[PDB]
file input.pdb (PDB, N, CA and C atoms)
ATOM      1  N   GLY R   1       9.868  -6.075   8.167
ATOM      2  CA  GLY R   1       9.492  -7.440   7.821
ATOM      3  C   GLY R   1       8.047  -7.509   7.346
ATOM      4  N   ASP R   2       7.220  -6.597   7.847
ATOM      5  CA  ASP R   2       5.808  -6.562   7.485
ATOM      6  C   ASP R   2       5.372  -5.151   7.109
ATOM      7  N   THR R   3       6.316  -4.218   7.140
ATOM      8  CA  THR R   3       6.012  -2.813   6.894
ATOM      9  C   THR R   3       7.027  -2.187   5.945
ATOM     10  N   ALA R   4       6.529  -1.522   4.908
ATOM     11  CA  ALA R   4       7.388  -0.811   3.970
ATOM     12  C   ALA R   4       7.483   0.669   4.322
ATOM     13  N   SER R   5       8.672   1.237   4.155
ATOM     14  CA  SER R   5       8.896   2.647   4.453
ATOM     15  C   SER R   5       9.308   3.414   3.203
ATOM     16  N   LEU R   6       8.441   4.317   2.757
ATOM     17  CA  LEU R   6       8.706   5.109   1.562
ATOM     18  C   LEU R   6       9.100   6.536   1.922
ATOM     19  N   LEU R   7      10.275   6.953   1.464
ATOM     20  CA  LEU R   7      10.712   8.335   1.621
ATOM     21  C   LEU R   7      10.187   9.210   0.490
ATOM     22  N   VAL R   8       9.526  10.304   0.853
ATOM     23  CA  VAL R   8       8.900  11.182  -0.128
ATOM     24  C   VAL R   8       9.609  12.528  -0.194
ATOM     25  N   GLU R   9      10.155  12.847  -1.363
ATOM     26  CA  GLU R   9      10.961  14.052  -1.529
ATOM     27  C   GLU R   9      10.098  15.239  -1.938
ATOM     28  N   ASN R  10      10.612  16.443  -1.710
ATOM     29  CA  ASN R  10       9.927  17.659  -2.128
ATOM     30  C   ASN R  10       8.645  17.870  -1.332
ATOM     31  N   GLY R  11       8.575  17.253  -0.157
ATOM     32  CA  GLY R  11       7.439  17.433   0.737
ATOM     33  C   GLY R  11       6.131  17.075   0.044
ATOM     34  N   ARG R  12       6.180  16.065  -0.818
ATOM     35  CA  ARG R  12       5.041  15.716  -1.657
ATOM     36  C   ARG R  12       4.060  14.820  -0.910
ATOM     37  N   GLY R  13       4.444  14.404   0.292
ATOM     38  CA  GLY R  13       3.624  13.499   1.088
ATOM     39  C   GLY R  13       2.256  14.104   1.376
ATOM     40  N   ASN R  14       2.203  15.430   1.438
ATOM     41  CA  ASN R  14       0.954  16.135   1.702
ATOM     42  C   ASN R  14       0.028  16.086   0.493
ATOM     43  N   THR R  15       0.609  15.874  -0.683
ATOM     44  CA  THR R  15      -0.166  15.776  -1.914
ATOM     45  C   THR R  15      -0.231  14.338  -2.412
ATOM     46  N   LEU R  16       0.570  13.470  -1.802
ATOM     47  CA  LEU R  16       0.667  12.082  -2.236
ATOM     48  C   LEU R  16      -0.546  11.278  -1.787
ATOM     49  N   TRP R  17      -0.981  11.513  -0.553
ATOM     50  CA  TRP R  17      -2.018  10.694   0.062
ATOM     51  C   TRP R  17      -3.267  10.643  -0.808
ATOM     52  N   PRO R  18      -3.747  11.813  -1.217
ATOM     53  CA  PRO R  18      -4.958  11.905  -2.023
ATOM     54  C   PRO R  18      -4.746  11.308  -3.407
ATOM     55  N   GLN R  19      -3.493  11.277  -3.847
ATOM     56  CA  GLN R  19      -3.136  10.617  -5.097
ATOM     57  C   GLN R  19      -3.120   9.102  -4.936
ATOM     58  N   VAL R  20      -2.725   8.643  -3.754
ATOM     59  CA  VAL R  20      -2.789   7.225  -3.422
ATOM     60  C   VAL R  20      -4.224   6.717  -3.445
ATOM     61  N   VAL R  21      -5.135   7.508  -2.887
ATOM     62  CA  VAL R  21      -6.558   7.196  -2.941
ATOM     63  C   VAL R  21      -7.050   7.120  -4.381
ATOM     64  N   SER R  22      -6.658   8.101  -5.187
ATOM     65  CA  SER R  22      -7.079   8.160  -6.581
ATOM     66  C   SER R  22      -6.574   6.953  -7.362
ATOM     67  N   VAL R  23      -5.328   6.568  -7.105
ATOM     68  CA  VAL R  23      -4.709   5.455  -7.814
ATOM     69  C   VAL R  23      -5.304   4.124  -7.378
ATOM     70  N   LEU R  24      -5.558   3.992  -6.080
ATOM     71  CA  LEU R  24      -6.209   2.803  -5.543
ATOM     72  C   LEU R  24      -7.561   2.570  -6.204
ATOM     73  N   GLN R  25      -8.351   3.632  -6.315
ATOM     74  CA  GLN R  25      -9.639   3.562  -6.995
ATOM     75  C   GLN R  25      -9.462   3.281  -8.481
ATOM     76  N   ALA R  26      -8.388   3.813  -9.056
ATOM     77  CA  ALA R  26      -8.076   3.582 -10.461
ATOM     78  C   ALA R  26      -7.739   2.118 -10.716
ATOM     79  N   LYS R  27      -7.211   1.452  -9.696
ATOM     80  CA  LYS R  27      -6.854   0.042  -9.805
ATOM     81  C   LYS R  27      -7.993  -0.853  -9.332
ATOM     82  N   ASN R  28      -9.143  -0.244  -9.060
ATOM     83  CA  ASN R  28     -10.317  -0.988  -8.622
ATOM     84  C   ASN R  28     -10.084  -1.640  -7.265
ATOM     85  N   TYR R  29      -9.333  -0.957  -6.408
ATOM     86  CA  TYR R  29      -9.080  -1.441  -5.057
ATOM     87  C   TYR R  29      -9.945  -0.710  -4.038
ATOM     88  N   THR R  30     -10.769  -1.465  -3.319
ATOM     89  CA  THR R  30     -11.709  -0.882  -2.369
ATOM     90  C   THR R  30     -10.987  -0.333  -1.146
ATOM     91  N   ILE R  31     -11.350   0.881  -0.746
ATOM     92  CA  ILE R  31     -10.857   1.457   0.499
ATOM     93  C   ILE R  31     -11.941   1.465   1.569
ATOM     94  N   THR R  32     -11.603   0.959   2.750
ATOM     95  CA  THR R  32     -12.595   0.708   3.788
ATOM     96  C   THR R  32     -12.762   1.919   4.697
ATOM     97  N   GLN R  33     -11.682   2.673   4.873
ATOM     98  CA  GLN R  33     -11.737   3.927   5.614
ATOM     99  C   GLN R  33     -10.620   4.869   5.185
ATOM    100  N   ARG R  34     -10.875   6.170   5.293
ATOM    101  CA  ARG R  34      -9.885   7.176   4.930
ATOM    102  C   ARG R  34      -9.983   8.396   5.836
ATOM    103  N   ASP R  35      -8.856   9.073   6.034
ATOM    104  CA  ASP R  35      -8.819  10.276   6.858
ATOM    105  C   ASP R  35      -7.856  11.306   6.284
ATOM    106  N   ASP R  36      -8.404  12.299   5.591
ATOM    107  CA  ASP R  36      -7.591  13.319   4.940
ATOM    108  C   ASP R  36      -6.775  14.105   5.959
ATOM    109  N   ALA R  37      -7.425  14.512   7.044
ATOM    110  CA  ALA R  37      -6.779  15.328   8.064
ATOM    111  C   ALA R  37      -5.581  14.607   8.670
ATOM    112  N   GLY R  38      -5.743  13.313   8.923
ATOM    113  CA  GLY R  38      -4.675  12.506   9.502
ATOM    114  C   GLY R  38      -3.868  11.799   8.421
ATOM    115  N   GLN R  39      -4.204  12.075   7.165
ATOM    116  CA  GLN R  39      -3.518  11.459   6.036
ATOM    117  C   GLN R  39      -3.315   9.966   6.263
ATOM    118  N   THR R  40      -4.397   9.271   6.598
ATOM    119  CA  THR R  40      -4.335   7.837   6.858
ATOM    120  C   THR R  40      -5.544   7.119   6.272
ATOM    121  N   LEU R  41      -5.308   5.939   5.707
ATOM    122  CA  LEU R  41      -6.382   5.137   5.132
ATOM    123  C   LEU R  41      -6.113   3.649   5.314
ATOM    124  N   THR R  42      -7.171   2.847   5.229
ATOM    125  CA  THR R  42      -7.036   1.396   5.254
ATOM    126  C   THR R  42      -7.795   0.752   4.101
ATOM    127  N   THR R  43      -7.134  -0.165   3.403
ATOM    128  CA  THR R  43      -7.700  -0.769   2.203
ATOM    129  C   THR R  43      -8.378  -2.095   2.521
ATOM    130  N   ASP R  44      -9.245  -2.543   1.619
ATOM    131  CA  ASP R  44      -9.793  -3.892   1.686
ATOM    132  C   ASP R  44      -8.880  -4.893   0.992
ATOM    133  N   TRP R  45      -9.285  -6.159   0.997
ATOM    134  CA  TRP R  45      -8.527  -7.209   0.326
ATOM    135  C   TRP R  45      -8.027  -6.743  -1.036
ATOM    136  N   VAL R  46      -6.709  -6.668  -1.182
ATOM    137  CA  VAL R  46      -6.100  -6.279  -2.448
ATOM    138  C   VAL R  46      -5.532  -7.489  -3.181
ATOM    139  N   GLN R  47      -5.986  -7.696  -4.411
ATOM    140  CA  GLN R  47      -5.477  -8.778  -5.244
ATOM    141  C   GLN R  47      -4.472  -8.261  -6.266
ATOM    142  N   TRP R  48      -3.252  -8.787  -6.207
ATOM    143  CA  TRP R  48      -2.209  -8.408  -7.152
ATOM    144  C   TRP R  48      -2.171  -9.359  -8.341
ATOM    145  N   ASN R  49      -1.441  -8.968  -9.382
ATOM    146  CA  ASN R  49      -1.318  -9.787 -10.582
ATOM    147  C   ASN R  49       0.117  -9.808 -11.090
ATOM    148  N   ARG R  50       0.967 -10.574 -10.415
ATOM    149  CA  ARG R  50       2.337 -10.783 -10.870
ATOM    150  C   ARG R  50       2.395 -11.811 -11.992
ATOM    151  N   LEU R  51       3.476 -11.776 -12.764
ATOM    152  CA  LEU R  51       3.643 -12.687 -13.891
ATOM    153  C   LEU R  51       3.782 -14.127 -13.416
ATOM    154  N   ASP R  52       4.308 -14.300 -12.209
ATOM    155  CA  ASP R  52       4.488 -15.627 -11.633
ATOM    156  C   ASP R  52       3.443 -15.910 -10.562
ATOM    157  N   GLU R  53       2.355 -15.148 -10.588
ATOM    158  CA  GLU R  53       1.294 -15.293  -9.598
ATOM    159  C   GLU R  53       0.079 -15.995 -10.191
ATOM    160  N   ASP R  54      -0.161 -17.224  -9.748
ATOM    161  CA  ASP R  54      -1.284 -18.011 -10.243
ATOM    162  C   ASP R  54      -2.414 -18.060  -9.223
ATOM    163  N   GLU R  55      -2.051 -18.092  -7.945
ATOM    164  CA  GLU R  55      -3.030 -18.213  -6.873
ATOM    165  C   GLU R  55      -3.600 -16.853  -6.491
ATOM    166  N   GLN R  56      -4.876 -16.832  -6.127
ATOM    167  CA  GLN R  56      -5.542 -15.596  -5.733
ATOM    168  C   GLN R  56      -5.037 -15.105  -4.382
ATOM    169  N   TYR R  57      -4.462 -13.908  -4.370
ATOM    170  CA  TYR R  57      -3.970 -13.307  -3.136
ATOM    171  C   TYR R  57      -4.999 -12.357  -2.537
ATOM    172  N   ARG R  58      -5.098 -12.359  -1.212
ATOM    173  CA  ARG R  58      -5.945 -11.407  -0.505
ATOM    174  C   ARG R  58      -5.284 -10.929   0.781
ATOM    175  N   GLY R  59      -5.739  -9.788   1.286
ATOM    176  CA  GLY R  59      -5.119  -9.163   2.448
ATOM    177  C   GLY R  59      -5.177  -7.644   2.354
ATOM    178  N   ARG R  60      -5.084  -6.980   3.501
ATOM    179  CA  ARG R  60      -5.358  -5.550   3.584
ATOM    180  C   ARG R  60      -4.082  -4.759   3.838
ATOM    181  N   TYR R  61      -4.127  -3.463   3.545
ATOM    182  CA  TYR R  61      -2.982  -2.588   3.766
ATOM    183  C   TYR R  61      -3.387  -1.336   4.532
ATOM    184  N   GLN R  62      -2.548  -0.932   5.481
ATOM    185  CA  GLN R  62      -2.730   0.337   6.175
ATOM    186  C   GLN R  62      -1.691   1.360   5.736
ATOM    187  N   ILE R  63      -2.160   2.473   5.183
ATOM    188  CA  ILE R  63      -1.271   3.496   4.644
ATOM    189  C   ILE R  63      -1.400   4.802   5.418
ATOM    190  N   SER R  64      -0.310   5.215   6.056
ATOM    191  CA  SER R  64      -0.322   6.404   6.900
ATOM    192  C   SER R  64       0.876   7.297   6.608
ATOM    193  N   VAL R  65       0.607   8.574   6.352
ATOM    194  CA  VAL R  65       1.659   9.525   6.015
ATOM    195  C   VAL R  65       2.125  10.290   7.248
ATOM    196  N   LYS R  66       3.438  10.354   7.437
ATOM    197  CA  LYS R  66       4.013  11.003   8.609
ATOM    198  C   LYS R  66       5.099  11.995   8.212
ATOM    199  N   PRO R  67       5.034  13.193   8.783
ATOM    200  CA  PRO R  67       6.016  14.232   8.496
ATOM    201  C   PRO R  67       7.386  13.866   9.053
ATOM    202  N   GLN R  68       8.434  14.235   8.325
ATOM    203  CA  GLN R  68       9.798  13.923   8.733
ATOM    204  C   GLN R  68      10.711  15.133   8.574
ATOM    205  N   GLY R  69      10.560  16.103   9.469
ATOM    206  CA  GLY R  69      11.353  17.325   9.416
ATOM    207  C   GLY R  69      10.880  18.240   8.293
ATOM    208  N   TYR R  70      11.652  18.292   7.213
ATOM    209  CA  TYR R  70      11.295  19.102   6.055
ATOM    210  C   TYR R  70      10.790  18.234   4.910
ATOM    211  N   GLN R  71      10.841  16.920   5.103
ATOM    212  CA  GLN R  71      10.334  15.980   4.111
ATOM    213  C   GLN R  71       9.220  15.118   4.688
ATOM    214  N   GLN R  72       8.679  14.227   3.863
ATOM    215  CA  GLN R  72       7.582  13.362   4.281
ATOM    216  C   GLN R  72       7.946  11.893   4.115
ATOM    217  N   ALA R  73       7.293  11.035   4.892
ATOM    218  CA  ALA R  73       7.441   9.593   4.735
ATOM    219  C   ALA R  73       6.086   8.898   4.733
ATOM    220  N   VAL R  74       6.022   7.739   4.086
ATOM    221  CA  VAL R  74       4.796   6.951   4.044
ATOM    222  C   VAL R  74       5.005   5.575   4.663
ATOM    223  N   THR R  75       4.204   5.260   5.676
ATOM    224  CA  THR R  75       4.248   3.947   6.308
ATOM    225  C   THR R  75       3.186   3.020   5.729
ATOM    226  N   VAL R  76       3.629   1.904   5.163
ATOM    227  CA  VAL R  76       2.718   0.941   4.554
ATOM    228  C   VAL R  76       2.797  -0.410   5.254
ATOM    229  N   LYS R  77       1.811  -0.691   6.099
ATOM    230  CA  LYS R  77       1.815  -1.907   6.903
ATOM    231  C   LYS R  77       0.927  -2.979   6.284
ATOM    232  N   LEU R  78       1.473  -4.182   6.139
ATOM    233  CA  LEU R  78       0.700  -5.322   5.662
ATOM    234  C   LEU R  78      -0.154  -5.915   6.776
ATOM    235  N   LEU R  79      -1.465  -5.935   6.562
ATOM    236  CA  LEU R  79      -2.407  -6.311   7.610
ATOM    237  C   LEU R  79      -2.718  -7.801   7.562
ATOM    238  N   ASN R  80      -2.621  -8.383   6.371
ATOM    239  CA  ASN R  80      -2.935  -9.793   6.180
ATOM    240  C   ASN R  80      -2.301 -10.331   4.904
ATOM    241  N   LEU R  81      -1.841 -11.577   4.956
ATOM    242  CA  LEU R  81      -1.263 -12.230   3.788
ATOM    243  C   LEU R  81      -1.833 -13.630   3.601
ATOM    244  N   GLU R  82      -2.793 -13.756   2.692
ATOM    245  CA  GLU R  82      -3.399 -15.048   2.393
ATOM    246  C   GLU R  82      -3.268 -15.389   0.914
ATOM    247  N   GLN R  83      -2.560 -16.475   0.623
ATOM    248  CA  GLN R  83      -2.501 -17.012  -0.732
ATOM    249  C   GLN R  83      -3.465 -18.179  -0.904
ATOM    250  N   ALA R  84      -4.524 -17.956  -1.674
ATOM    251  CA  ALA R  84      -5.574 -18.954  -1.840
ATOM    252  C   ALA R  84      -6.195 -19.329  -0.500
ATOM    253  N   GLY R  85      -6.294 -18.352   0.394
ATOM    254  CA  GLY R  85      -6.922 -18.563   1.693
ATOM    255  C   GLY R  85      -5.947 -19.194   2.679
ATOM    256  N   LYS R  86      -4.660 -19.128   2.356
ATOM    257  CA  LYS R  86      -3.628 -19.729   3.191
ATOM    258  C   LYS R  86      -2.706 -18.668   3.779
ATOM    259  N   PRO R  87      -2.870 -18.399   5.070
ATOM    260  CA  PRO R  87      -2.028 -17.431   5.763
ATOM    261  C   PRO R  87      -0.552 -17.769   5.603
ATOM    262  N   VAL R  88       0.234 -16.783   5.184
ATOM    263  CA  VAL R  88       1.675 -16.957   5.050
ATOM    264  C   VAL R  88       2.431 -16.078   6.039
ATOM    265  N   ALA R  89       3.167 -16.713   6.944
ATOM    266  CA  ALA R  89       3.868 -15.995   8.003
ATOM    267  C   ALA R  89       5.281 -15.622   7.572
ATOM    268  N   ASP R  90       5.669 -16.067   6.382
ATOM    269  CA  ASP R  90       6.995 -15.778   5.851
ATOM    270  C   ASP R  90       7.239 -14.277   5.764
ATOM    271  N   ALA R  91       8.235 -13.801   6.503
ATOM    272  CA  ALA R  91       8.513 -12.371   6.583
ATOM    273  C   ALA R  91       8.946 -11.818   5.232
ATOM    274  N   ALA R  92       9.671 -12.629   4.471
ATOM    275  CA  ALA R  92      10.134 -12.227   3.147
ATOM    276  C   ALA R  92       8.962 -11.964   2.210
ATOM    277  N   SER R  93       8.016 -12.897   2.177
ATOM    278  CA  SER R  93       6.793 -12.722   1.403
ATOM    279  C   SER R  93       6.039 -11.471   1.840
ATOM    280  N   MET R  94       5.931 -11.280   3.150
ATOM    281  CA  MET R  94       5.192 -10.150   3.699
ATOM    282  C   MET R  94       5.826  -8.826   3.291
ATOM    283  N   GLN R  95       7.153  -8.770   3.344
ATOM    284  CA  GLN R  95       7.890  -7.604   2.872
ATOM    285  C   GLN R  95       7.614  -7.339   1.398
ATOM    286  N   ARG R  96       7.628  -8.400   0.598
ATOM    287  CA  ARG R  96       7.433  -8.277  -0.841
ATOM    288  C   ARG R  96       6.061  -7.701  -1.164
ATOM    289  N   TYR R  97       5.057  -8.109  -0.395
ATOM    290  CA  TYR R  97       3.697  -7.620  -0.585
ATOM    291  C   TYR R  97       3.545  -6.196  -0.065
ATOM    292  N   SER R  98       4.250  -5.890   1.019
ATOM    293  CA  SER R  98       4.182  -4.567   1.628
ATOM    294  C   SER R  98       4.845  -3.519   0.743
ATOM    295  N   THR R  99       5.784  -3.960  -0.086
ATOM    296  CA  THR R  99       6.452  -3.071  -1.030
ATOM    297  C   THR R  99       5.745  -3.068  -2.379
ATOM    298  N   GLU R 100       4.928  -4.088  -2.615
ATOM    299  CA  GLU R 100       4.084  -4.135  -3.803
ATOM    300  C   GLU R 100       3.059  -3.008  -3.795
ATOM    301  N   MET R 101       2.551  -2.687  -2.610
ATOM    302  CA  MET R 101       1.681  -1.529  -2.439
ATOM    303  C   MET R 101       2.471  -0.230  -2.515
ATOM    304  N   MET R 102       3.651  -0.224  -1.905
ATOM    305  CA  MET R 102       4.532   0.937  -1.950
ATOM    306  C   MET R 102       4.861   1.321  -3.387
ATOM    307  N   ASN R 103       4.987   0.317  -4.248
ATOM    308  CA  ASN R 103       5.272   0.550  -5.660
ATOM    309  C   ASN R 103       4.128   1.295  -6.337
ATOM    310  N   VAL R 104       2.901   0.953  -5.962
ATOM    311  CA  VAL R 104       1.724   1.647  -6.468
ATOM    312  C   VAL R 104       1.666   3.080  -5.951
ATOM    313  N   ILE R 105       2.061   3.268  -4.697
ATOM    314  CA  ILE R 105       2.128   4.598  -4.105
ATOM    315  C   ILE R 105       3.174   5.459  -4.803
ATOM    316  N   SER R 106       4.325   4.862  -5.094
ATOM    317  CA  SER R 106       5.422   5.585  -5.727
ATOM    318  C   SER R 106       5.083   5.952  -7.165
ATOM    319  N   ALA R 107       4.192   5.177  -7.775
ATOM    320  CA  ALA R 107       3.674   5.500  -9.099
ATOM    321  C   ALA R 107       2.885   6.803  -9.080
ATOM    322  N   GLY R 108       2.099   6.996  -8.026
ATOM    323  CA  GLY R 108       1.341   8.230  -7.851
ATOM    324  C   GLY R 108       2.251   9.381  -7.441
ATOM    325  N   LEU R 109       3.328   9.054  -6.735
ATOM    326  CA  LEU R 109       4.314  10.052  -6.336
ATOM    327  C   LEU R 109       5.042  10.623  -7.546
ATOM    328  N   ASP R 110       5.342   9.761  -8.511
ATOM    329  CA  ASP R 110       5.950  10.193  -9.764
ATOM    330  C   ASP R 110       5.026  11.132 -10.528
ATOM    331  N   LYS R 111       3.725  10.883 -10.433
ATOM    332  CA  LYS R 111       2.732  11.730 -11.080
ATOM    333  C   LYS R 111       2.621  13.080 -10.384
ATOM    334  N   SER R 112       2.835  13.082  -9.073
ATOM    335  CA  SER R 112       2.770  14.310  -8.288
ATOM    336  C   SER R 112       4.049  15.127  -8.436
TER     337      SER R 112
END
call {"tool": "encode", "arguments": {"input": "input.pdb", "output": "structure tokens"}}
result
Amino acid sequence: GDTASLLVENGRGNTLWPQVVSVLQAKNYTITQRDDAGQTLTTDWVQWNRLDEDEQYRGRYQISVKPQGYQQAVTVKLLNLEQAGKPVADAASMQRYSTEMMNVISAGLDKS
């Protein structure tokens, strides 16, 4: 409801994390903390630009990579959801935003 789960094939999760950092910076998204060894990072207020998005969105994301047997997975937790400074508790919206970041991660996964 507030967390997206990305399955990473070919054990690319070990190479994905640093690509996520690179892509985040490429999108001009500030990262507040990062940990290569623990493959975990936390972002600052991320503003998206959907075609039907008029209001300024803000809120943070926690991205943590976890091993899953012979494959990897990425946990993307939505830390905050504010539309024009208005907290939205709607789980559907939160899911949509949590997967909006996952989509950016999967873009870097395709590159890897």
call {"tool": "select_by_dssp", "arguments": {"input": "input.pdb", "residues": "chain R", "states": "alpha helix (DSSP H)", "output": "ChimeraX atom specification"}}
result
/R:13-26,91-111
call {"tool": "write_last_selection", "arguments": {"input": "input.pdb", "atoms": "N, CA and C atoms", "output": "compact mmCIF listing (two decimals), keeping the file's coordinate frame"}}
result
# COMPACT_ATOMS: atom_id res chain seq x y z
N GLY R 13 4.44 14.40 0.29
CA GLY R 13 3.62 13.50 1.09
C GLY R 13 2.26 14.10 1.38
N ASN R 14 2.20 15.43 1.44
CA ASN R 14 0.95 16.14 1.70
C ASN R 14 0.03 16.09 0.49
N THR R 15 0.61 15.87 -0.68
CA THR R 15 -0.17 15.78 -1.91
C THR R 15 -0.23 14.34 -2.41
N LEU R 16 0.57 13.47 -1.80
CA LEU R 16 0.67 12.08 -2.24
C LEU R 16 -0.55 11.28 -1.79
N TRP R 17 -0.98 11.51 -0.55
CA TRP R 17 -2.02 10.69 0.06
C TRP R 17 -3.27 10.64 -0.81
N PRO R 18 -3.75 11.81 -1.22
CA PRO R 18 -4.96 11.90 -2.02
C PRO R 18 -4.75 11.31 -3.41
N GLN R 19 -3.49 11.28 -3.85
CA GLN R 19 -3.14 10.62 -5.10
C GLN R 19 -3.12 9.10 -4.94
N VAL R 20 -2.72 8.64 -3.75
CA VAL R 20 -2.79 7.22 -3.42
C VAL R 20 -4.22 6.72 -3.44
N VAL R 21 -5.14 7.51 -2.89
CA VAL R 21 -6.56 7.20 -2.94
C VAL R 21 -7.05 7.12 -4.38
N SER R 22 -6.66 8.10 -5.19
CA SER R 22 -7.08 8.16 -6.58
C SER R 22 -6.57 6.95 -7.36
N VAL R 23 -5.33 6.57 -7.10
CA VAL R 23 -4.71 5.46 -7.81
C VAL R 23 -5.30 4.12 -7.38
N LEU R 24 -5.56 3.99 -6.08
CA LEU R 24 -6.21 2.80 -5.54
C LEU R 24 -7.56 2.57 -6.20
N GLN R 25 -8.35 3.63 -6.32
CA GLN R 25 -9.64 3.56 -7.00
C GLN R 25 -9.46 3.28 -8.48
N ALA R 26 -8.39 3.81 -9.06
CA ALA R 26 -8.08 3.58 -10.46
C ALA R 26 -7.74 2.12 -10.72
N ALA R 91 8.24 -13.80 6.50
CA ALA R 91 8.51 -12.37 6.58
C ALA R 91 8.95 -11.82 5.23
N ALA R 92 9.67 -12.63 4.47
CA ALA R 92 10.13 -12.23 3.15
C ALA R 92 8.96 -11.96 2.21
N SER R 93 8.02 -12.90 2.18
CA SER R 93 6.79 -12.72 1.40
C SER R 93 6.04 -11.47 1.84
N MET R 94 5.93 -11.28 3.15
CA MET R 94 5.19 -10.15 3.70
C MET R 94 5.83 -8.83 3.29
N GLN R 95 7.15 -8.77 3.34
CA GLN R 95 7.89 -7.60 2.87
C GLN R 95 7.61 -7.34 1.40
N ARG R 96 7.63 -8.40 0.60
CA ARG R 96 7.43 -8.28 -0.84
C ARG R 96 6.06 -7.70 -1.16
N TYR R 97 5.06 -8.11 -0.40
CA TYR R 97 3.70 -7.62 -0.58
C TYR R 97 3.54 -6.20 -0.06
N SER R 98 4.25 -5.89 1.02
CA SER R 98 4.18 -4.57 1.63
C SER R 98 4.84 -3.52 0.74
N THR R 99 5.78 -3.96 -0.09
CA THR R 99 6.45 -3.07 -1.03
C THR R 99 5.74 -3.07 -2.38
N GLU R 100 4.93 -4.09 -2.62
CA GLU R 100 4.08 -4.14 -3.80
C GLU R 100 3.06 -3.01 -3.80
N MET R 101 2.55 -2.69 -2.61
CA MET R 101 1.68 -1.53 -2.44
C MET R 101 2.47 -0.23 -2.52
N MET R 102 3.65 -0.22 -1.90
CA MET R 102 4.53 0.94 -1.95
C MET R 102 4.86 1.32 -3.39
N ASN R 103 4.99 0.32 -4.25
CA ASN R 103 5.27 0.55 -5.66
C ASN R 103 4.13 1.30 -6.34
N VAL R 104 2.90 0.95 -5.96
CA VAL R 104 1.72 1.65 -6.47
C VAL R 104 1.67 3.08 -5.95
N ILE R 105 2.06 3.27 -4.70
CA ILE R 105 2.13 4.60 -4.11
C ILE R 105 3.17 5.46 -4.80
N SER R 106 4.32 4.86 -5.09
CA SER R 106 5.42 5.58 -5.73
C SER R 106 5.08 5.95 -7.16
N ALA R 107 4.19 5.18 -7.78
CA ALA R 107 3.67 5.50 -9.10
C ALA R 107 2.88 6.80 -9.08
N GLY R 108 2.10 7.00 -8.03
CA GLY R 108 1.34 8.23 -7.85
C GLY R 108 2.25 9.38 -7.44
N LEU R 109 3.33 9.05 -6.74
CA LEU R 109 4.31 10.05 -6.34
C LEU R 109 5.04 10.62 -7.55
N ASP R 110 5.34 9.76 -8.51
CA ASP R 110 5.95 10.19 -9.76
C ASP R 110 5.03 11.13 -10.53
N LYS R 111 3.72 10.88 -10.43
CA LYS R 111 2.73 11.73 -11.08
C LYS R 111 2.62 13.08 -10.38
call {"tool": "resolve_selection", "arguments": {"input": "input.pdb", "expression": "the PyMOL selection byres ((chain R and resi 42) around 8)", "output": "JSON, numbers by chain"}}
result
{"R": [30, 31, 32, 33, 34, 35, 40, 41, 43, 44, 45, 60, 61, 62, 63, 64]}
call {"tool": "residues_near_point", "arguments": {"input": "input.pdb", "point": "(8.1, -6.1, 9.4)", "cutoff": "8 Å", "atoms": "all atoms listed in the file", "output": "list in words"}}
result
residues 1, 2, 3, 4, 77, 78, 91, 94 and 95 of chain R
call {"tool": "atom_distance", "arguments": {"input": "input.pdb", "atom1": "atom CA of residue 48 of chain R", "atom2": "atom C of residue 15 of chain R"}}
result
23.3 Å
call {"tool": "closest_residue", "arguments": {"input": "input.pdb", "among": "R:19, R:110, R:66, R:58", "to": "residue 80 of chain R", "atoms": "all atoms listed in the file"}}
result
R:58
call {"tool": "resolve_selection", "arguments": {"input": "input.pdb", "expression": "the PyMOL selection byres ((chain R and resi 12) around 8)", "output": "ChimeraX atom specification"}}
result
/R:8-11,13-17,70-73,109,112
call {"tool": "residues_around", "arguments": {"input": "input.pdb", "residues": "segment 81-86 of chain R", "least_positions_apart": "4", "cutoff": "6 Å", "atoms": "only C-alpha atoms", "output": "compact mmCIF listing (two decimals) with N, CA and C atoms, keeping the file's coordinate frame"}}
result
# COMPACT_ATOMS: atom_id res chain seq x y z
N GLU R 55 -2.05 -18.09 -7.94
CA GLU R 55 -3.03 -18.21 -6.87
C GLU R 55 -3.60 -16.85 -6.49
N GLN R 56 -4.88 -16.83 -6.13
CA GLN R 56 -5.54 -15.60 -5.73
C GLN R 56 -5.04 -15.10 -4.38
N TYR R 57 -4.46 -13.91 -4.37
CA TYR R 57 -3.97 -13.31 -3.14
C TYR R 57 -5.00 -12.36 -2.54
N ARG R 58 -5.10 -12.36 -1.21
CA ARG R 58 -5.94 -11.41 -0.50
C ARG R 58 -5.28 -10.93 0.78
N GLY R 59 -5.74 -9.79 1.29
CA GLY R 59 -5.12 -9.16 2.45
C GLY R 59 -5.18 -7.64 2.35
call {"tool": "residues_around", "arguments": {"input": "input.pdb", "residues": "residue 27 of chain R", "least_positions_apart": "2", "cutoff": "12 Å", "atoms": "only C-alpha atoms", "output": "JSON, numbers by chain"}}
result
{"R": [20, 21, 22, 23, 24, 25, 29, 30, 31, 46, 47, 48, 49, 101, 104, 105, 107, 108]}
call {"tool": "atom_distance", "arguments": {"input": "input.pdb", "atom1": "atom N of residue 39 of chain R", "atom2": "atom C of residue 65 of chain R"}}
result
6.6 Å
call {"tool": "closest_residue", "arguments": {"input": "input.pdb", "among": "R:69, R:74, R:50, R:7", "to": "residue 97 of chain R", "atoms": "only C-alpha atoms"}}
result
R:50
call {"tool": "atom_distance", "arguments": {"input": "input.pdb", "atom1": "atom CA of residue 53 of chain R", "atom2": "atom CA of residue 93 of chain R"}}
result
12.6 Å
call {"tool": "closest_residue", "arguments": {"input": "input.pdb", "among": "R:28, R:106, R:98, R:92", "to": "residue 79 of chain R", "atoms": "all atoms listed in the file"}}
result
R:98
call {"tool": "select_by_dssp", "arguments": {"input": "input.pdb", "residues": "chain R", "states": "strand (DSSP E)", "output": "PyMOL selection string"}}
result
chain R and resi 3-8+31-35+40-43+57-58+61-68+71-78+82-83
